[PDB]
Amino acid sequence: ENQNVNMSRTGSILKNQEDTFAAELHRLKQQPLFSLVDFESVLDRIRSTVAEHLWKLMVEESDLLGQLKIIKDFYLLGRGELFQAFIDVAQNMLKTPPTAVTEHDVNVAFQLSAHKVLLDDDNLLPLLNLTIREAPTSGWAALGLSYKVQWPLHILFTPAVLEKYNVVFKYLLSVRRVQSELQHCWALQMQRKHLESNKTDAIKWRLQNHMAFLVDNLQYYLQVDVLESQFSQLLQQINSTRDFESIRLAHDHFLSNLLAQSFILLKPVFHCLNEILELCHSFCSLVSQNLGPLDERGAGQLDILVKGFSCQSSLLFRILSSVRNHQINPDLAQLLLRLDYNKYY
Amino acid sequence: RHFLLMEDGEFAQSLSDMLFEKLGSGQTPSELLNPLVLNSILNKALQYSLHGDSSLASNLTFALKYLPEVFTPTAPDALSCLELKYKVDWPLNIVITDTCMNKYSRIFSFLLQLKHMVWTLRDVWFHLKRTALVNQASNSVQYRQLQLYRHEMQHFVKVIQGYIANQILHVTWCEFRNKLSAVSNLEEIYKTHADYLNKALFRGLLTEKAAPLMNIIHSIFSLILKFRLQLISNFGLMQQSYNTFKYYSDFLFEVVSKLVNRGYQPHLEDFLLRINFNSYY
Amino acid sequence: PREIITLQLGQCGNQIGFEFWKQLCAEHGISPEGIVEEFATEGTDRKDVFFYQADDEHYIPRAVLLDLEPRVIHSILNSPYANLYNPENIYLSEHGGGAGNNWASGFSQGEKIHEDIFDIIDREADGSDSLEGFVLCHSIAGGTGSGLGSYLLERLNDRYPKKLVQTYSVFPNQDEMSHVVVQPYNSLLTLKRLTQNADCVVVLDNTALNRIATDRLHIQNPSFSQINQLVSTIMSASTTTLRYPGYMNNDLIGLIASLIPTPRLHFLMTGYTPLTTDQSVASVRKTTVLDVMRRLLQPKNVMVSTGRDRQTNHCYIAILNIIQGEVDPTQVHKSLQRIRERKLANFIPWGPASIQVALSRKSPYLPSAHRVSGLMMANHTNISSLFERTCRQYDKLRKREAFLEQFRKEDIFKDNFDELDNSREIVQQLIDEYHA
Amino acid sequence: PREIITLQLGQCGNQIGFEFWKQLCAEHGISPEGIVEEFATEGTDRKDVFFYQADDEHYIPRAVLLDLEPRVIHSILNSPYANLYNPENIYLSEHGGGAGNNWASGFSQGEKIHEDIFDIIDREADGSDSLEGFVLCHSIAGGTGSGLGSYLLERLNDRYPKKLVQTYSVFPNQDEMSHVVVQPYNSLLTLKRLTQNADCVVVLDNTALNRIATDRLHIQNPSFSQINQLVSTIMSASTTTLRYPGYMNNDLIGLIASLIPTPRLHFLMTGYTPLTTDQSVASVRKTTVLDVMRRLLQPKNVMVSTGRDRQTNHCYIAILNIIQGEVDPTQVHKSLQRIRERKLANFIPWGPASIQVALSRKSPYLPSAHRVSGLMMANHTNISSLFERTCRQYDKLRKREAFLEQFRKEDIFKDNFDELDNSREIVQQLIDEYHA
């Protein structure tokens, strides 16, 4: 009734649902008694023909299939390269405690980053801005995204559940950064001219073959299997169902499955997983010195890290005993063992 | 757009010739023939640029206001006291109101003082123009570092005015006609046209019509007269005057850092362009 | 109002100005002998700024063309664009000249035809009561354009002192020295007059022409018929704020005032990317302005032979980036947003720099209202590499006893060779001193 | 962004890179001289990662091709795919070289053309402000690709220290030693530079080529026209995460980082099954992903001559299994389920192993969007059998007094033969020591 009267769900200015509804009304009125089946079988008819006409509304006005793969590509990060150039530039100027002007600065940086890439749609670029806390210690793991939404697609995206998409969004870019930071401190020791032939390098080196093999496995078999056959049933449901809330709460079961696989356990595993990405983050800042493995501080800082890396594989070992002795969760167990025979074999 | 926003700049270039007829205030007559020959020469200036018919030329009128410039008697200016008046006619009255013509006088007087800066700043290049005039290409007493601070002065002004010109004109002309027409929402036009004009003064400087940024565009205007009087006429009194400009330009930079808030004022980023330019050198 | 008189002079200066006037009729929607299209006044809002003002809607060019060689003008009258030119403003039929190949020929011929050379070119001066200035569309190559062009840079400096002088001069070719050998002598004699007897120049290198003429143009035998195609477009590109209706720096004394740091530092680097006709099939998809100025500061479109490893100790001071036609001006401030993040221009550490961008609507024509065009007018302090190239080829030739006995028989009695050498080193020393 | 400069070099390295660029236009939906299909942007989401970025929608290849022999480049310009190549990036027409067949020829020619070899290949480096690295698409066979390729592995290690180096180098043929006899000398000199002066290699054996070229391809006379068909597909197969839009290990420093255990252990075994065109008539019935990786670890598609009974005491450490195009990803975890039950890969007893599987959508083309493709990048410690084969053919030749007087006349004064022998045995001893 707000925007436009020919856009009605039942068919009220534009269709003739109303005369049929009035005939149903005369039939319902003609009854002195009351029961359950006669009242509720025609609660279908005031719902089902109404639940299909708005499905035939929003297909044509919006190109439905357009933005509802676009909004997932901003949050679940389908365009993976197109944000790493943002992450590389936003790292070099989030090296402060956050202030209120850094929101606008990181924003215009994501602007120029997505602009030099040549997106296939120039107006898809300024459809969002980015948002970031007050000043905890650092700008990373405190930033977010605002992708606001137009007419009636917003009834599918309440302002609650974009926080539910944004909260894993800062988590998935955090494992793009620590994957790429482990990809760059690896990239310093590629040649023999930067390599020392000491045994202090060899004890540095079995660790990254254990730790850089993790985030290229743990955050891959999570993130790719989260996307593929959860995107698969959405596209198969909207191509096979002419109904509104059954499509709608099926994408509510979609989002709650993504935020359950990516959460694996509340206190321990999320504390085990962020302890993994902290402990290989100091493997970046240890290697990043000039001629690392020949320094006394290069081996002195290392000795704490050779404890903390097996503090993480053995804590990963502690969850696997809770996965075998199993009354908790099957999707937890199928994923964590999939990386584990990809670990122990 | 052609005679208030000045995007066919032949009229505002001819305004510079009208700014080349004042040259300081007040030394102009106070007769009643002073509006009589001065309202004419602006109508004659449109035929001097060979553009437009007389159909829209009835929509332009000029009202010479009266303000003291010797400051006890009157001798009114044409750098900031010459105003174009747009007309209200018989069918077109839902487009033009009295509030929007009040700010047309504000916009026309604000271009007319920045154009007086840029024009008289190039009048000094006419003073030292080559036969030779001023001489001593580098030595004797300074021209090498003299013209070095004068051109980095005329650097900063000529690139400020170009950036203020790009934020006034372009997106406002992109927002205006197209949007209004396509929205087939055309009833009670002055509730939308005045909002368009309120954005058009939002984009200029807007200063909430009260901020001290208007006091700095006056002080940097106050040295350009000091710049032009020393070149018409002193070399030690020169080098102090532009250190005062470099103090006032750095004063203009530090207030911008206080307007900073976030995500706001598309001139503020454009000012922070030059600040991050000022950091790398 | 803003009338400029072009001074087309020499063997190469007459041909680069011949297609410059031929370019102007295709964009004004006019014919050289008639007016068949109505697009000249509704589409173009100003036409009487380089042409003479009309008497029968026939926009006469404000041009003069003198040369010692009659070969350049005999290839003009058979072309159908010569009826727009007048046979009474410059010369009538059968005009001639010298023999003739010498810098001292045209330098001595200026004061024997002194009565006639200051008679018919001054008739166009008092046509407008507010003259803009003079552009010397002359050449440096050969002795024809360099010999007589040095004379008018002196006598027009005091007879017309309040007028702008600025030239679009072409630099000669330094590949081999067999056909011409007098190239270091006549070039440096005019280059002294271009700094103290002239305010500004626009440099146009010849060794950088065939760098572009085989880049995207794909020729096998380099001819002289390609030298007029790169030159005539950027000439009309430089007056797009002046010919077409613009607002800021819409005069020739507007553009040059915002780029010159100081006298004897006026050598402006030029750049122009779009020269390919098969780009037209993919500009239909809204090719933006965000990608056209990322390649201007990148040394690819430059017309100046300079060092590639000498840009770290040199700093840009003034850079112009002119977009034309369809601009989409809601993202032109977005293009200038990305400039500070790369810092592709080294900035001077003593003072501020400036990246000036401007726009003007192009001609109502299909190859003009569809494809984005970018004109660059840079000013970088690596231009002394050409001055080090010309000076090292100048002092090496004087130790080989070359043209010291063959050049001082006519009108040269004293050694004016070191008068050009010190003044060239004054330019080369004040450039490096300019960044303190 | 992620721009890689390919260094095509030698008699065999230029031909394997010629059809590598020719393969890329058929999958990008583009023509080497024009753009006739709209499938390039809607189907392919990223194209400027190996090509140079467009100026007229003409994706220039970022390629350089130097060789002493002019025969490999004279079979290029008559082909219609050479107009995509530029005649100013590498050489103009009529480029030549040496006489010439020596390892010491190109090793001594690197410092006499030292000014020109570091001038035009560095112009493509500063085109992107974040360079990925350098791939040396060179050869080991002959003295042309092995002589000059050892020089650039040294001087690009310090001038560009923060860049990835990794090569797709082809191994020579060891069947008879009649036409060439200098094969043990020039191979081991480059193999030392491939371990300490280079991070990673991709080995490509020649005796394993004709094992596959008569397996399913059914030829009677082995020609050189078949060597470009197995090589150009797996080159474009290795960049499917990099060219086509992928998520994890979508860079060249992503893939190589997850497979190298340690420096001087980087020799990766390659496998690629589908090469037959009559398989196409039975892939219409949903041929799955559950059967395509059971044959990758089975030694049938390998391109490395290794022992069959030496795999029990050797252990896999890193194995890559790349599926492309139609994957049916609801059973790709089902394919990795069956890996632990067979244990076809022997696992290292000191540490964990990894079977990494990844996918990316292929080109919008009918032979590409229908048939399953499997690319293998293995790393097995039986690769010392080739190093035992090359070393046993190296010390046997030095006892026969072969090329000790014919090789040390030019630029060799000391015996650097045991400098290659001990460093090769250092690789062979640290491989067997690596599984404790």
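Among chain C residues, the one whose Cβ is nearest the axis of the rotation from C to D, given with its distance rounded to whole Å, is C:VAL36, 71.
Dividing the convex hull volume of the alpha carbon atoms of the range D:177-218 by its residue count gives 81 Å³ per residue.
Based on DSSP H segments of at least four residues, each scored -39500 (n - 2.57), chain C has a per-residue ellipticity at 222 nm of -8000 deg cm²/dmol.
In straight-distance terms, cross-link reach from B:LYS179 covers every one of the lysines whose alpha-carbon lies under 19 Å from its own, apart from those fewer than eight places away in the same chain; here that gives B:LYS191, B:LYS199. Sequence-distant contacts, meaning Cα pairs under 8 Å at least 6 residues apart, place the relative contact order of the range B:58-110 at 35 percent. Between the C-alpha center of the range D:128-153 and that of the range C:43-88 there is a gap of 59 Å. Debye sum, Cα scatterers, chain D, no solvent: what log₁₀ I/I(0) at q = 0.11 1/Å? So the normalised log intensities work out to -0.91. Which GluC sites (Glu not before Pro) in the range B:1-55 pass both tests, a DSSP loop state and at most 12 other beta-carbon atoms within 10 Å? Passing both the DSSP loop test and the Cβ count: B:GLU21, B:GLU31. DSSP beta bridges confined to the protein assembly as shown are antiparallel in about 45 percent of cases. Legend: calculated FRET efficiency, D:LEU430 to C:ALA402, from the Cβ-Cβ distance at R0 = 60 Å, rounded to 0.05, equals 0.30. Simple rule: put +1 on each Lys or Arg Cβ and -1 on each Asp or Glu Cβ in chain D, find the dipole, and look at D:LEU191, D:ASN78, D:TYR316; the Cα lying farthest toward the positive end is D:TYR316.
Using only C-alpha atoms and all pairs of different ones, pull out the Kirkwood radius for the range A:43-88 in Å with one decimal. Kindly include the intermediate steps, with their values, before the conclusion.
Numbers: mean 1/r = 0.0756 Å⁻¹.
That comes to 13.2 Å for the range A:43-88.
Based on Cα contacts under 8 Å between residues 6+ apart, the range D:132-172 shows a relative contact order of 66 percent. With a 10 Å cut-off around each Cβ of A:181-194, the average count of Cβ atoms from other chains is 6. What's the magnitude of the charge dipole for the range D:1-91 around its Cα centre, counting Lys and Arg as +1 and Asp and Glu as -1 at the beta-carbon? Answer in Debye, nearest 20. Once rounded to the nearest 20, the dipole reads 400 debye.
The ellipsoid that matches the Cα gyration tensor of the range A:50-114 has semi-axes, each √(5λ) in whole angstrom, of 36, 14, 9, with the longest given first.
Please work out whether the protein assembly as shown counts as rounded, prolate or oblate from its C-alpha gyration tensor, where a ≥ b ≥ c are the square roots of the eigenvalues and a/c under 1.5 means rounded, while otherwise a/b larger than b/c means prolate and anything else oblate? Oblate. The trypsin sites (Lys or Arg not before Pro) found in the range D:29-116 that occupy coil by DSSP, while having at most 14 further C-beta atoms within 10 Å, are D:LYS112. Per residue of peptide A:78-91, the mean number of Cβ atoms on other chains within 10 Å of the residue Cβ is 3.
Per the helix-only calculation at 222 nm, which mean residue ellipticity applies to chain B, given -39500 (n - 2.57) for every DSSP H run of n ≥ 4 and division by its residues, nearest 500 deg cm²/dmol?
Numbers: 10 runs with 162 residues, N = 281.
The helix-only estimate for chain B comes to -19000 deg cm²/dmol at 222 nm.
Once you charge only the Cβ atoms, +1 for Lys and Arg and -1 for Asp and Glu, what is the size of the charge dipole of the protein assembly as shown about its Cα centre, to the nearest 20 debye? Provide the component values of the computation, followed by the final result.
Working: 145 positive and 164 negative charges, 892 e Å.
The calculated dipole for the protein assembly as shown is roughly 4280 debye.
Residues of the range D:406-436 with an amide N closer than 12 Å to a point placed 7 Å from the Cα of A:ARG206 along the Cα-to-Cβ direction: D:434-436.
In this structure the amide hydrogen of D:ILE317, modeled in the peptide plane, comes within under 5 Å of the amide hydrogens of D:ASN379, none closer than 5 places in sequence on its chain. Positive-end ranking of A:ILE238, A:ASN4, A:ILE304 along the dipole of chain A, with charges on Cβ about the Cα centre, is headed by A:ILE304.
For a label point 7 Å from the Cα of B:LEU206 along Cα→C-beta, name the residues of the range A:91-117 whose backbone N is under 17 Å from it. Correct set: none at all.
Is there a pair in A:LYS95/A:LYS204; D:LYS112/D:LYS414; C:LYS343/D:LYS362; C:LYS112/C:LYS163; A:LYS148/D:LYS334 whose C-alpha atoms are over 31 Å apart, and which pairs would that be? Violating the 31 Å limit, Cα to Cα: C:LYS343/D:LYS362; A:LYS148/D:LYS334.
Distance between the modelled labels on A:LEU28 and D:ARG338, one decimal in nanometres: 5.7 nm (7 Å Cα→Cβ projection). Size descriptors for the range C:36-178: radius of gyration and Dmax over Cα atoms are 17.3, 53 Å. Each other copy places its own label point for D:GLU42 at 3.7 nm from this one, sorted shortest first, where the point lies 7 Å along the Cα-to-beta carbon line. Averaging Cα coordinates gives a centre for the range B:25-42 and one for the range C:158-186; these two points are 50 Å apart. Sort the range D:139-259 into rounded, prolate or oblate with this rule: let a ≥ b ≥ c be the square roots of the eigenvalues of the Cα gyration tensor; rounded if a/c is under 1.5, and if a/c is not under 1.5, prolate when a/b is larger than b/c, oblate otherwise. Note, shape of the range D:139-259 comes out oblate. Averaging the Cα positions of each part gives two centres, and for the range A:55-74 and the range D:245-275 these lie 37 Å apart. For D:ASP421, the distances from its label point to the matching points in the remaining copies are 6.5 nm, ordered from shortest, with each point set 7 Å beyond Cα toward Cβ.
How large is the dipole of chain C about the Cα centre if only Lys and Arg carry +1 and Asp and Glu carry -1, each at its Cβ, rounded to the nearest 20 debye? Let's see the in-between values first.
Working: 43 positive and 52 negative charges, 441 e Å.
Here chain C has a charge dipole of around 2120 debye.
For chain B, the Kirkwood radius over C-alpha pairs fed into Stokes-Einstein at 10 °C and 1.306 mPa s yields D = 74 µm² per second. Which shape class applies to chain A: rounded if a/c is under 1.5, otherwise prolate when a/b exceeds b/c and oblate if not, where a ≥ b ≥ c are the square roots of the Cα gyration tensor eigenvalues? It is prolate, given that a/c is not under 1.5 and a/b is the larger ratio.
Using 0.36 nm per residue and subtracting the Cα-Cα separation, the extra length available between A:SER41 and A:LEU127 on full extension is 26.5 nm.
Converting phi to 3J(HN,Hα) with the Karplus coefficients 6.51, -1.76 and 1.60 and the offset θ = phi - 60°, the range B:190-202 yields 6, 7, 9, 5, 6, 5, 5, 5, 5, 6, 5, 8, 4 Hz in sequence order, with x at every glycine or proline.
Taking only the alpha-carbon atoms of the range B:62-159, what semi-axes of the equivalent ellipsoid follow from 5 times the gyration tensor eigenvalues under a square root, in whole Å, largest first? Don't skip to the end; give the middle numbers.
Details: eigenvalues 344, 57, 25 Å².
Value: 41, 17, 11 Å, ordered largest first.
For chain C, the relative contact order is 16 percent, taking Cα pairs closer than 8 Å that sit 6 or more residues apart in sequence and dividing their mean separation by the residue count.
Please give the FRET efficiency for A:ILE155 paired with A:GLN236, using the beta carbon to beta carbon distance and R0 = 25 Å, rounded to the nearest 0.05. Before the final figure, lay out each step's value.
Numbers: r = 22 Å, r/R0 = 0.90.
Once the sixth-power term is evaluated, E becomes 0.65.
In the range C:349-424, which GluC sites (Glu not before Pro) are in a loop and have at most 12 other Cβ atoms within 10 Å, using DSSP for the loop call? Write out the running numbers ahead of the final one.
Values: sites: C:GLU388, C:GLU401, C:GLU405, C:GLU410, C:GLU419; in loops: C:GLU401, C:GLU405, C:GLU410.
Taking the range C:349-424 and a limit of 12 other Cβ atoms within 10 Å, the loop GluC sites (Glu not before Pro) found are C:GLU401, C:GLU405, C:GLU410.
Counting from the shortest, the label point at D:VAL180, 7 Å from Cα toward Cβ, is 5.3 nm from the same position in each remaining copy. Given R0 = 41 Å, the distance between the Cβ atoms of B:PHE71 and B:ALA45 translates into a calculated FRET efficiency of 0.90.
Work out the charge dipole of the range A:1-105 with +1 on the Cβ of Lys and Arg and -1 on the Cβ of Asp and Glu about the Cα centre, then indicate which of A:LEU68, A:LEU82, A:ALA23 is farthest towards its positive end. Of the options given, the answer is A:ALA23.
Read the figures in this text as sums done on the coordinates, not as results from a lab. All Cβ positions, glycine included, derive from the backbone under ideal geometry; neighbour counts span all protein chains shown.
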